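Structure first, commentary second.
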Amino acid sequence: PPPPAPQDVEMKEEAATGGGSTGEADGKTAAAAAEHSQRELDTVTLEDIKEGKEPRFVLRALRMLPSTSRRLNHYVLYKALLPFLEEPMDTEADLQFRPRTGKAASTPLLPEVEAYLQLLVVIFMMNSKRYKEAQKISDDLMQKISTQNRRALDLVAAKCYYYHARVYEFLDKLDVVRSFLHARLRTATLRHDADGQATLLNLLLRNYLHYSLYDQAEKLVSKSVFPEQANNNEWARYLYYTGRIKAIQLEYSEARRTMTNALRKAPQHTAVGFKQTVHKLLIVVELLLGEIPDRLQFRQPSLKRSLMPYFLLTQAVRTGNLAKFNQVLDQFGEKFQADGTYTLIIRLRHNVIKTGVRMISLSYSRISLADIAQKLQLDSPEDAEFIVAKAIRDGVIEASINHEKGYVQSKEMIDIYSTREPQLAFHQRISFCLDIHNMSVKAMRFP
Amino acid sequence: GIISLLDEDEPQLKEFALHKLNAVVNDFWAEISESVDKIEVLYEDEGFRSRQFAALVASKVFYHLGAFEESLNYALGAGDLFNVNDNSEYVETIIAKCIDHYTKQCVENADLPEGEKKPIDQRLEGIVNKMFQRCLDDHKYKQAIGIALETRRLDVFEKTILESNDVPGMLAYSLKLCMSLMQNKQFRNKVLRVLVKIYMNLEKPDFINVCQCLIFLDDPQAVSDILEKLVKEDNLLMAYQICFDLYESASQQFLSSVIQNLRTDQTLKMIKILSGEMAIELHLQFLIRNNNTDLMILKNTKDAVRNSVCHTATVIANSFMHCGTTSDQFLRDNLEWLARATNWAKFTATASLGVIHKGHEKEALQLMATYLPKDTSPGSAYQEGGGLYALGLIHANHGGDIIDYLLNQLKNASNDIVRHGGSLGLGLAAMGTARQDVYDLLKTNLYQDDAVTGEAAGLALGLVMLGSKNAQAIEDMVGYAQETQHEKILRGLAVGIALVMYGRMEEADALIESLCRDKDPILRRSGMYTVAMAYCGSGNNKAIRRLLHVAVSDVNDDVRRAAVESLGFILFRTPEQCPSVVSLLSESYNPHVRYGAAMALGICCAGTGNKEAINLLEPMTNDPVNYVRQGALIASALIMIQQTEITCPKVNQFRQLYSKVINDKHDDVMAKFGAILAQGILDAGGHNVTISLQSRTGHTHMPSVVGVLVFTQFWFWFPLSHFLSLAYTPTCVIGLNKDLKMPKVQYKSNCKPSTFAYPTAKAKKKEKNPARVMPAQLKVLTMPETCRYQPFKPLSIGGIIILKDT
Amino acid sequence: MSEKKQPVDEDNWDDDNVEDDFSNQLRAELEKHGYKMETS
Amino acid sequence: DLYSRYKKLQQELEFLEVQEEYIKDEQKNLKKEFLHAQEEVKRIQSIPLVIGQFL
């Protein structure tokens with residue numbers, strides 16, 4: 001008695017969404033798609049949520065003259081796989097409705113990802129995407145009829161390339177798909193820019209920081225910026241991956257602002273630990289700064305089972321205990337090697353000394369050297385002059401050593417009062433504000 | 001990590017290294033991306049024996065990046081591997097953009113046509129003609145004509161007619177295709193002549209070849225070529241088409257060009273073709289047999305007596321249905337209402353005898369042998385002016401020997417109340433003739449010291465100098481146009497100096513600026529009429545930029561009105577854009593731009609079955625301004641002609657709407673003047689005759705440009721309301737074989753009887769008088785395959801074709 | 001929402017700043033502090 | 001028709017991009033016109049106004 005209901009509403013899924021998309025895509029260009037055609041993301045993740053089932057919607061696909069009304073109603077009525085996923089090509093070649101080729105080569109095929117048998121149909125999904133990649137290649141050699149693949153099926157295409165990813169990942173890696181991607185880039189570079197490269201580039205970094213390491217420098221020459229960032233979700237996790245990069249490129253002062261940006265551009269919900277687990281390794285760069293506040297302003301108790309190392313670790317950060325250092329290391333270094341954590345163990349001592357020198361430096365105008373050699377667990381006055389020079393290391397607040405015997409003649413620095421440095425920066429503040437005025441201009445330009 | 005291998009200068013490991021390069025080239029993109037310098041080291045080496053494949057791995061890294069001039073350099077220094085490797089997106093994208101570099105290289109090669117061009121690699125064009133050999137073996141006419149005109153070069157285009165055992169139509173439709181798209185004339189002249197050369201030397205003698213280049217290339221030598229040949233093989237059933245096209249399509253001064261080529265039977269034929277009587281009297285025969293009009297509605301508006309311009313409206317409305325019928329009724333049934341108005345209705349009333357008996361060419365002079373200017377009355381000098389005006393309507397657009405005799409009558413006459421009609425008829429029959437006696441008396445016509453003859457002097461000098469590129473007449477005119485005393489003098493001379501240059505496309509632009517610069521409203525207004533006439537029928541943005549700007553920024557409103565008047569004058573080849581572009585122009589501030597907007601949709605969308613122009617003229621004919629309602633009735637007349645009843649259902653709605661506004665008294669008199677004159681426009685011959693900006697030949701017609709542009713502003717001189725009647729062609733077909741030999745041919749169309757019905761499924765012809773028809777009811781006919789007389793030349797629209805006596 | 005990597009992966013709690021400040025620093029908060037004045 | 005369609009799409013494009021500029025200029029113009037409307041109508045001020053009553 002429940003399955004006759006998706007016979008109605010799962011039918012109206014393709015009726016409303018797909019029928020409106022294809023029919024309203026046949027005209028009214030660029031309102032052809034992208035007013036409910038790329039409702040596709042959540043309505044088709046929902047198709048994989050909202051609801052035997054496997055052969056039914058994949059038989060008898062390409063018929064004739066547009067009788068999909070009757071054919072999808074047959075798919076409704078029939079509720080009472082070896083050539084079956086290829087049967088949308090085996091009834092006849094599709095031969096009409098080229099906006100429907102990728103659509104029916106995505107939406108019926110993909111629910112086996114959520115069926116999870118992983119043994120016989122992932123190679124059949126590989127074959128179904130050999131068909132759909134034959135569409136992808138043959139759109140410019142055999143389909144010289146109209147656009148139908150940029151304005152609708154490019155936004156469909158990047159989605160089903162994430163589904164390519166979902167298929168390719170569950171068994172192996174991909175290498176041929178990378179030059180195949182850059183060919184897809186070349187047929188999206190100058191004509192019509194798609195994300196695409198950034199999709200499999202997120203995957204590139206995701207499997208490469210696991211397994212290849214030359215390619216950040218190849219990103220450097222490959223950094224076509226793509227300032228469109230329309231979803232902002234892909235762009236958010238793009239910033240997450242490259243912030244892991246600059247953490248492993250040991251770039252920290254950039255990392256704090258760009259990863260705080262990457263967090264605040266996540267509007268996400270569902271507190272299973274998505275935002276939380278991404279955010280923990282995000283503010284590992286703040287563990288690497290030398291400065292981090294108490295993480296009470298960051299914890300969701302669903303993350304608590306994973307951060308059972310992490311709270312005691314930030315305790316070790318705020319303290320300086322070598323016992324706590326090594327104990328958190330050996331005991332609580334599990335579950336983070338899967339993410340990669342052991343670059344903080346070399347410089348947790350640096351975190352200690354920068355936290356201490358921050359407290360003491362903003363605390364004290366003048367300090368003495370052979371007592372700042374005993375504020376923290378320092379070693380010697382030669383180690384203390386050493387660590388004063390290493391405490392500068394970049395251009396920190398004025399600390400001149402009293403170069404006879406007066407240990408240090410440091411003082412506080414001034415002229416941040418309200419004089420020229422803020423009005424040196426306010427041109428750029430209002431440069432950002434006029435950029436938002438350009439956003440207002442484009443707000444007017446949206447119709 | 002191969003720059004370590006690039007430390008070696010011996011190439012004997014560099015073959016292994018380049019085999020590594022194209023192996024892991026997808027992974028090591030940033031390897032070469034700074035190593036471009038060492039790529040240039042191995043490239044510019046004259047001992048490294050893989051500098052071409054070094055240019056290919058350079059093509060790989062600059063395919064990863066996508067550079068253009070690098071791909072030009074790889075066209076240079078990749079050589080053989082640049083040429084034979086062409087089955088890949090990796091190569092076809094970069095060589096596609098190199099073909100784009102080649103097509104802008106051809107843009108450069110068409111920028112300056114005389115030597116000294118930019119250098120060309122023989123390989124960037126080697127891939128052009130190499131890919132073009134695929135186009136020749138593909139043999140598709142797209143593949144020929146596309147790349148043959150992408151290059152903008154006549155050599156490979158000349159080679160495209162040399163393809164395989166086909167081309168039944170390129171050698172007859174190639175000129176059709178090239179005219180159907182052309183924008184530049186600089187090489188179009190050469191393409192149009194090199195095609196008709198091989199059409200003269202075709203296996204088949206063709207007629208559309210010189211039928212097209214005789215009016216778009218207008219050579220005196222080509223008309224002498226077809227004269228020479230079509231007389232030389234001694235047949236005139238084949239010279240039938242093109243000699244009667246010489247009279248029927250071509251305009252004046254091209255007849256001068258051929259009469260230079262006449263003498264050097266067909267002797268009697270070349271005597272009679274430049275006379276050109278047969279079209280005139282078949283028009284006359286058609287209208288005297290085809291009086292499908294109504295006199296009852298003429299009574300229903302004859303009853304609406306007012307002393308004003310309504311008399312002219314009535315006599316022009318029945319002249320519209322009798323121009324070429326030799327038939328009067330309102331010159332007959334009355335004398336008191338006929339002589340009600342004074343001194344201007346007499347001009348118009350004796351002018352209507354010339355309008356109606358236009359198409360009565362030789363005999364209308366003895367028809368007015370009683371009605372000479374000095375026989376009837378020396379009291380009204382406008383009566384004796386309308387007299388010679390009507391003799392100019394006797395010699396309307398095709399005069400004879402009596403052009404010079406009207407000139408002899410214009411040697412001595414009254415001061416100026418004669419030349420207003422006389423010189424207009426003289427330059428009307430003497431279009432572009434550059435005559436000397438018209439220059440003679442037009443000198444003193446300029447120096448009359450009277451403003452009422454400015455139209456005479458200016459307009460007639462522009463007529464006889466249509467497309468002059470003169471200076472001295474223009475010097476006289478515009479340099480007299482800073483110091484005179486009125487503006488009828490200024491404005492007659494202004495539309496005359498508009499009329500002095502035509503179809504220039506680059507040449508009148510000096511005068512365009514010269515008229516542009518002054519603070520004279522009338523002179524910049526003349527500049528707008530001049531940028532119309534020099535740029536007619538072509539969508540040149542060089543007009544519309546300055547027209548756009550002057551129709552926004554200036555508040556001087558006469559020149560703004562002229563700017564929104566030039567639109568259909570320059571864009572009537574494509575009338576299907578004017579609503580979307582004059583839409584808010586119909587909602588301006590002044591009567592000028594609103595009035596010219598109504599007229600813009602009118603003169604633009606003539607032959608359209610649009611009805612959007614109708615729907616937008618609806619709030620224009622219900623406007624608050626009075627004479628824009630007048631002009632909107634006139635624009636309703638403009639839209640409804642080259643349109644029938646079933647082309648738009650508001651035709652009778654506008655007939656009864658004209659009736660509503662004119663047959664009541666309480667509406668606006670000035671705004672109901674247009675209603676019955678517009679009815680007459682609507683019943684020109686009873687929809688037999690209509691306006692014709694565009695021929696089957698494509699040769700535009702001088703009344704249907706010149707007369708309608710003069711007809712635009714008509715308050716300023718009321719006899720400017722006649723000239724649209726001179727722009728009439730009967731919608732009928734000629735399937736005649738011998739010049740009078742009546743056929744036995746009655747063929748049909750698959751249309752409705754009611755689409756045929758003009759106030760069974762098959763159509764019925766009349767065995768040539770010609771037979772009236774919709775213009776759109778000529779592409780839906782069917783040849784008589786059961787007739788004894790079968791036509792051979794395709795008859796898609798009106799005009800003349802050949803028949804065969806079988 | 002599977003974002004392609006992440007599926008693989010005021011009771012007593014605002015005081016935590018003060019408490020982690022005060023873990024090994026003034027762990028009694030008074031029992032030395034009330035007894036400081038007779039140290040010197 | 002890929003030589004003539006690709007010819008004339010460019011043509012109608014350059015047409016409409018010219019034709020945009022007209023209305024861009026008129027939108028520049030009419031805001032000034034509306035300001036002239038505002039102040040040159042609101043010179044309806046106290047020309048020596050009389051005291052009365054409203055009913």
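Chains: A, B, ... in order of the structure tokens. Residues: from 1 per chain. Ligands: from 1, in order shown.
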
message: Using only C-alpha atoms, which protein or nucleic acid residues come within 10 Å of residue 480 (chain B)? Drop anything in the same chain fewer than 5 positions from it, and give the result as a PyMOL selection string.
response: chain B and resi 446-447+474-475+489-490+493

message: Would you pick out the contacts of residue 21 (chain D) at 12 Å or less, using only C-alpha atoms, so that residues sharing its chain but fewer than 3 positions from it are not included, and give the list as number ranges by chain?
response: B: 544-549, 551-553, 581; D: 14-18, 24-28

Using only C-alpha atoms, find each residue in chain A having at least one atom no more than 7 Å away from chain B; report its shortest atom-to-atom pair and that distance in Å (one decimal), rows by chain then rising number, as a Markdown table.
| residue | atom | partner | partner_atom | distance |
| --- | --- | --- | --- | --- |
| A:179 | CA | B:26 | CA | 5.9 |
| A:217 | CA | B:30 | CA | 6.8 |
| A:218 | CA | B:30 | CA | 4.9 |
| A:221 | CA | B:30 | CA | 6.4 |

task: Extract the full set of helix (DSSP H, G or I) residues from chain D according to DSSP on the backbone, and format it as a ChimeraX atom specification.
output: /D:5-41

At most 9 Å to chain C: residues in chain A, only C-alpha atoms, as a ChimeraX atom specification: /A:162,165-166,203,206,233-234,237,268,270,273-275,277-278,293-297,315,318-319,338-339

Quick one: contact table of chain B to chain D, 10 Å max, nearest atom pair and distance in Å to one decimal per residue, counting only C-alpha atoms, chain and number order, as CSV?
residue,atom,partner,partner_atom,distance
B:141,CA,D:1,CA,9.6
B:142,CA,D:1,CA,7.0
B:143,CA,D:3,CA,9.6
B:145,CA,D:3,CA,7.9
B:146,CA,D:3,CA,5.4
B:147,CA,D:3,CA,8.7
B:149,CA,D:3,CA,8.4
B:150,CA,D:3,CA,8.3
B:177,CA,D:4,CA,8.6
B:178,CA,D:4,CA,9.3
B:180,CA,D:4,CA,8.5
B:181,CA,D:4,CA,6.4
B:182,CA,D:7,CA,9.3
B:183,CA,D:11,CA,9.7
B:539,CA,D:15,CA,8.3
B:540,CA,D:15,CA,9.2
B:541,CA,D:15,CA,7.4
B:544,CA,D:18,CA,7.8
B:545,CA,D:18,CA,6.9
B:547,CA,D:22,CA,9.6
B:548,CA,D:22,CA,5.8
B:549,CA,D:22,CA,6.9
B:550,CA,D:22,CA,9.7
B:551,CA,D:22,CA,8.3
B:552,CA,D:26,CA,6.3
B:553,CA,D:25,CA,7.8
B:577,CA,D:12,CA,8.8
B:580,CA,D:16,CA,9.4
B:581,CA,D:19,CA,6.8
B:582,CA,D:19,CA,9.7
B:584,CA,D:23,CA,8.8
B:585,CA,D:23,CA,9.5

Quick one: write out the picked residues with N, CA, C and O atoms as a short mmCIF file (atom, residue, chain, number, x, y, z; two decimals), in the first residue's frame?
data_model
loop_
_atom_site.label_atom_id
_atom_site.label_comp_id
_atom_site.auth_asym_id
_atom_site.auth_seq_id
_atom_site.Cartn_x
_atom_site.Cartn_y
_atom_site.Cartn_z
N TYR B 141 27.88 21.78 -51.25
CA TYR B 141 27.91 23.16 -51.72
C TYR B 141 28.13 24.14 -50.58
O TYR B 141 28.65 25.23 -50.81
N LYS B 142 27.73 23.75 -49.37
CA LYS B 142 28.21 24.40 -48.17
C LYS B 142 29.73 24.41 -48.12
O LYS B 142 30.35 25.46 -47.92
N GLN B 143 30.35 23.23 -48.34
CA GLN B 143 31.79 23.07 -48.22
C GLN B 143 32.53 23.90 -49.26
O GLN B 143 33.61 24.43 -49.00
N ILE B 145 31.09 26.82 -50.95
CA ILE B 145 30.81 28.25 -50.95
C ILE B 145 31.25 28.90 -49.64
O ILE B 145 31.67 30.07 -49.64
N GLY B 146 31.24 28.15 -48.53
CA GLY B 146 31.58 28.66 -47.22
C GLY B 146 33.02 29.09 -47.19
O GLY B 146 33.27 30.29 -47.16
N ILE B 147 33.94 28.14 -47.34
CA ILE B 147 35.37 28.43 -47.32
C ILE B 147 35.76 29.27 -48.54
O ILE B 147 36.70 30.08 -48.46
N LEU B 149 34.11 31.81 -49.59
CA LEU B 149 33.88 33.20 -49.24
C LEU B 149 34.37 33.57 -47.84
O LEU B 149 34.38 34.76 -47.51
N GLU B 150 34.77 32.60 -47.03
CA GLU B 150 35.48 32.91 -45.79
C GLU B 150 36.79 33.61 -46.09
O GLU B 150 37.18 34.54 -45.38
N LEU B 177 22.52 33.55 -54.12
CA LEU B 177 23.04 33.39 -52.77
C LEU B 177 23.90 34.58 -52.37
O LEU B 177 23.74 35.12 -51.27
N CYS B 178 24.80 35.01 -53.26
CA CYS B 178 25.72 36.10 -52.94
C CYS B 178 25.02 37.44 -52.79
O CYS B 178 25.46 38.26 -51.99
N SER B 180 21.81 37.59 -51.75
CA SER B 180 20.94 37.39 -50.60
C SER B 180 21.64 37.64 -49.26
O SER B 180 20.96 37.61 -48.23
N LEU B 181 22.95 37.88 -49.24
CA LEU B 181 23.68 38.09 -47.99
C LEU B 181 24.63 39.27 -48.00
O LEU B 181 25.13 39.62 -46.92
N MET B 182 24.90 39.89 -49.15
CA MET B 182 26.07 40.76 -49.32
C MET B 182 25.99 42.01 -48.46
O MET B 182 24.91 42.57 -48.23
N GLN B 183 27.14 42.44 -47.97
CA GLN B 183 27.26 43.67 -47.20
C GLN B 183 28.24 44.66 -47.82
O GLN B 183 27.98 45.86 -47.80
N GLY B 539 21.53 47.72 -44.43
CA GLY B 539 21.65 47.89 -43.00
C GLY B 539 23.04 48.34 -42.60
O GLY B 539 23.79 47.58 -41.98
N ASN B 540 23.40 49.57 -42.96
CA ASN B 540 24.69 50.13 -42.60
C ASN B 540 24.58 50.81 -41.25
O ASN B 540 23.74 51.70 -41.06
N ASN B 541 25.41 50.37 -40.31
CA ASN B 541 25.40 50.96 -38.98
C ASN B 541 25.92 52.38 -38.97
O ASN B 541 25.61 53.14 -38.04
N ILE B 544 23.04 54.56 -38.77
CA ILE B 544 22.11 54.44 -37.67
C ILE B 544 22.76 54.89 -36.36
O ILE B 544 22.05 55.30 -35.44
N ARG B 545 24.09 54.90 -36.29
CA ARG B 545 24.79 55.48 -35.14
C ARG B 545 24.49 56.97 -35.00
O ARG B 545 24.03 57.44 -33.94
N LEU B 547 22.20 58.66 -36.64
CA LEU B 547 20.75 58.84 -36.60
C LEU B 547 20.22 58.65 -35.19
O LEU B 547 19.37 59.42 -34.72
N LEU B 548 20.64 57.56 -34.55
CA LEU B 548 20.39 57.25 -33.15
C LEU B 548 20.72 58.43 -32.25
O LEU B 548 19.88 58.90 -31.46
N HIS B 549 21.96 58.93 -32.39
CA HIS B 549 22.42 60.02 -31.54
C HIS B 549 21.66 61.31 -31.78
O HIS B 549 21.38 62.05 -30.84
N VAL B 550 21.35 61.63 -33.04
CA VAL B 550 20.64 62.88 -33.29
C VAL B 550 19.17 62.75 -32.90
O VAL B 550 18.54 63.74 -32.51
N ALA B 551 18.62 61.54 -32.92
CA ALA B 551 17.24 61.35 -32.52
C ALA B 551 17.10 61.21 -31.01
O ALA B 551 15.97 61.16 -30.51
N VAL B 552 18.21 61.09 -30.29
CA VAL B 552 18.16 61.25 -28.84
C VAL B 552 18.47 62.68 -28.47
O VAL B 552 17.63 63.40 -27.90
N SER B 553 19.68 63.11 -28.79
CA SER B 553 20.32 64.18 -28.05
C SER B 553 19.83 65.54 -28.48
O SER B 553 19.73 66.46 -27.65
N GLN B 577 12.27 44.13 -38.25
CA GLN B 577 12.87 44.56 -37.00
C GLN B 577 12.27 45.87 -36.48
O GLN B 577 12.30 46.10 -35.27
N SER B 580 10.18 46.35 -32.87
CA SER B 580 11.02 46.21 -31.69
C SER B 580 11.97 47.38 -31.48
O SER B 580 12.58 47.47 -30.40
N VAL B 581 12.14 48.24 -32.47
CA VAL B 581 13.10 49.32 -32.40
C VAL B 581 12.45 50.69 -32.48
O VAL B 581 13.10 51.69 -32.14
N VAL B 582 11.19 50.80 -32.92
CA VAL B 582 10.48 52.07 -32.92
C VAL B 582 9.31 52.01 -31.92
O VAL B 582 8.50 52.94 -31.83
N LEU B 584 9.26 52.18 -28.34
CA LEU B 584 9.17 53.30 -27.42
C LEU B 584 9.37 54.63 -28.12
O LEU B 584 8.98 55.67 -27.58
N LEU B 585 9.89 54.61 -29.35
CA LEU B 585 9.94 55.81 -30.18
C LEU B 585 8.56 56.34 -30.49
O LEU B 585 8.38 57.55 -30.65
#

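Every protein or nucleic acid residue with an atom no more than 12 Å from residue 756 (chain B), counting only C-alpha atoms and leaving out same-chain residues fewer than 2 positions away, appears here: residues 644, 645, 646, 647, 687, 748, 749, 750, 751, 752, 753, 754, 758, 759, 760, 761, 762, 763, 764, 765, 771, 772, 773, 774, 775, 776, 777 and 778 of chain B.
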
May I have the selected residues written with N, CA, C and O atoms, as a CSV table (one decimal), in the first residue's frame?
chain,number,residue,atom,x,y,z
B,644,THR,N,-3.7,42.5,-48.3
B,644,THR,CA,-5.1,42.3,-48.7
B,644,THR,C,-6.0,42.2,-47.5
B,644,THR,O,-5.6,42.5,-46.4
B,645,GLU,N,-7.2,41.8,-47.8
B,645,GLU,CA,-8.2,41.7,-46.7
B,645,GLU,C,-7.9,40.6,-45.7
B,645,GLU,O,-7.9,40.9,-44.5
B,646,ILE,N,-7.5,39.4,-46.2
B,646,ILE,CA,-7.3,38.3,-45.2
B,646,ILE,C,-5.9,38.3,-44.7
B,646,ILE,O,-5.6,37.5,-43.8
B,647,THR,N,-5.0,39.2,-45.2
B,647,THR,CA,-3.7,39.4,-44.6
B,647,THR,C,-3.8,39.9,-43.1
B,647,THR,O,-2.9,39.6,-42.3
B,687,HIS,N,-7.2,47.8,-55.2
B,687,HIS,CA,-6.1,46.9,-54.8
B,687,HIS,C,-5.4,46.3,-56.0
B,687,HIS,O,-4.6,45.3,-55.9
B,748,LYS,N,-3.8,27.7,-62.2
B,748,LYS,CA,-4.5,27.8,-61.0
B,748,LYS,C,-3.6,27.8,-59.8
B,748,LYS,O,-2.4,27.5,-59.9
B,749,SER,N,-4.2,28.1,-58.6
B,749,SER,CA,-3.5,28.1,-57.3
B,749,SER,C,-4.4,27.2,-56.4
B,749,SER,O,-5.6,27.0,-56.7
B,750,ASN,N,-3.7,26.6,-55.4
B,750,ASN,CA,-4.4,25.7,-54.5
B,750,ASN,C,-5.0,26.5,-53.3
B,750,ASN,O,-5.1,25.9,-52.2
B,751,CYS,N,-5.3,27.7,-53.4
B,751,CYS,CA,-5.7,28.6,-52.3
B,751,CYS,C,-7.2,28.5,-52.1
B,751,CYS,O,-7.9,27.6,-52.7
B,752,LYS,N,-7.8,29.4,-51.4
B,752,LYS,CA,-9.2,29.6,-51.1
B,752,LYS,C,-9.8,30.5,-52.1
B,752,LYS,O,-9.1,31.4,-52.7
B,753,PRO,N,-11.1,30.4,-52.4
B,753,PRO,CA,-11.8,31.5,-53.2
B,753,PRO,C,-11.9,32.8,-52.5
B,753,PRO,O,-12.0,33.8,-53.1
B,754,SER,N,-11.9,32.8,-51.1
B,754,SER,CA,-12.1,34.1,-50.4
B,754,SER,C,-10.8,34.9,-50.3
B,754,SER,O,-10.8,36.1,-50.3
B,758,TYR,N,-11.7,39.9,-53.9
B,758,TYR,CA,-11.2,41.3,-53.6
B,758,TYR,C,-12.4,42.3,-53.9
B,758,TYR,O,-12.9,42.3,-55.0
B,759,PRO,N,-12.8,43.1,-52.9
B,759,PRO,CA,-13.8,44.1,-53.1
B,759,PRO,C,-13.3,45.3,-53.8
B,759,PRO,O,-13.9,45.7,-54.9
B,760,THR,N,-14.2,29.3,-56.2
B,760,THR,CA,-13.6,28.0,-56.1
B,760,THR,C,-12.1,28.0,-55.6
B,760,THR,O,-11.5,29.1,-55.5
B,761,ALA,N,-11.6,26.8,-55.4
B,761,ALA,CA,-10.3,26.7,-54.9
B,761,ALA,C,-9.2,27.1,-55.9
B,761,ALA,O,-8.1,27.5,-55.5
B,762,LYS,N,-9.5,26.9,-57.2
B,762,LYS,CA,-8.5,27.2,-58.2
B,762,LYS,C,-8.5,28.6,-58.7
B,762,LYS,O,-9.6,29.3,-58.6
B,763,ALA,N,-7.4,29.1,-59.1
B,763,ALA,CA,-7.2,30.4,-59.7
B,763,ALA,C,-7.4,30.3,-61.2
B,763,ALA,O,-7.3,29.2,-61.9
B,764,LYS,N,-7.8,31.4,-61.8
B,764,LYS,CA,-8.1,31.5,-63.3
B,764,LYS,C,-7.5,32.7,-63.9
B,764,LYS,O,-7.8,33.9,-63.5
B,765,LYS,N,-6.6,32.5,-64.9
B,765,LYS,CA,-6.0,33.6,-65.6
B,765,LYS,C,-6.9,34.1,-66.8
B,765,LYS,O,-8.0,33.7,-66.9
B,771,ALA,N,-3.6,39.5,-65.3
B,771,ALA,CA,-4.6,39.2,-64.3
B,771,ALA,C,-4.2,39.6,-62.9
B,771,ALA,O,-3.1,39.2,-62.5
B,772,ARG,N,-5.1,40.2,-62.2
B,772,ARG,CA,-4.8,40.7,-60.8
B,772,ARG,C,-4.6,39.5,-59.9
B,772,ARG,O,-5.2,38.4,-60.1
B,773,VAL,N,-3.8,39.7,-58.8
B,773,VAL,CA,-3.4,38.6,-57.9
B,773,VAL,C,-2.9,39.3,-56.7
B,773,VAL,O,-2.5,40.4,-56.7
B,774,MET,N,-2.9,38.5,-55.6
B,774,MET,CA,-2.1,38.9,-54.5
B,774,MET,C,-0.6,38.7,-54.9
B,774,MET,O,-0.3,37.8,-55.6
B,775,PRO,N,0.3,39.5,-54.4
B,775,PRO,CA,1.7,39.2,-54.5
B,775,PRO,C,2.1,37.9,-53.9
B,775,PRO,O,2.9,37.1,-54.4
B,776,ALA,N,1.5,37.5,-52.7
B,776,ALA,CA,1.7,36.3,-52.1
B,776,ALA,C,1.0,35.1,-52.7
B,776,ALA,O,1.3,33.9,-52.4
B,777,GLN,N,0.1,35.4,-53.6
B,777,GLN,CA,-0.6,34.3,-54.4
B,777,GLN,C,0.1,34.0,-55.7
B,777,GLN,O,-0.5,33.5,-56.7
B,778,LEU,N,1.4,34.1,-55.7
B,778,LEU,CA,2.2,33.8,-56.9
B,778,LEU,C,3.3,32.8,-56.6
B,778,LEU,O,3.9,32.3,-57.6

query: Neighbours of region 45-56 of chain A within 9 Å (only C-alpha atoms; same-chain residues fewer than 2 positions away dropped), as a list in words?
result: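 Near neighbours after the sequence-gap exclusion: residues 3, 6, 10, 13, 40, 41, 42, 43, 58, 59, 60, 74, 75, 76, 78, 79, 81, 84, 85, 107, 108, 109, 110, 111, 112, 113 and 114 of chain A.
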
- prompt: So how far away is CA of residue 341 (chain A) from CA of residue 390 (chain A), in Å?
  reply: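 Distance reported for this atom pair: 24.4 Å.
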
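Counting from CA of residue 649 (chain B), the distance to CA of residue 711 (chain B) is 27.5 Å.
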
Residue contacts of residue 225 (chain B) (12 Å, only C-alpha atoms) excluding same-chain residues fewer than 4 positions away, as a ChimeraX atom specification: /B:196-197,200-201,210,214,219-221,229-232,239,242,258,261-262,264

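We find CA of residue 481 (chain B) and CA of residue 507 (chain B) to be spaced 21.8 Å apart.
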
task: Can you pull out every residue within 8 Å of residue 247 (chain B), counting only C-alpha atoms, but drop anything in the same chain fewer than 6 positions away, and send it as a list in words?
output: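 Listed by chain and then number, they are residues 255, 273, 274 and 276 of chain B.
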
Skipping near chain neighbours, those fewer than 2 positions away, what residues fall within 8 Å of region 102-108 of chain B using only C-alpha atoms, listed as a tab-separated table (two decimals) with C-alpha atoms, in the first residue's frame?
chain	number	residue	atom	x	y	z
B	98	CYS	CA	44.60	29.19	-36.36
B	99	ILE	CA	41.93	29.08	-39.09
B	100	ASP	CA	40.32	31.87	-37.07
B	110	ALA	CA	40.46	42.70	-47.48
B	111	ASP	CA	41.40	45.76	-45.42
B	112	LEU	CA	43.85	47.09	-47.99
B	117	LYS	CA	49.78	43.34	-47.07
B	118	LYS	CA	50.93	41.52	-43.97
B	124	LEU	CA	48.77	28.51	-42.24
B	125	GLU	CA	47.18	28.66	-45.69
B	150	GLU	CA	35.48	32.91	-45.79
B	151	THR	CA	38.70	33.76	-47.58
B	152	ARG	CA	36.99	36.73	-49.34
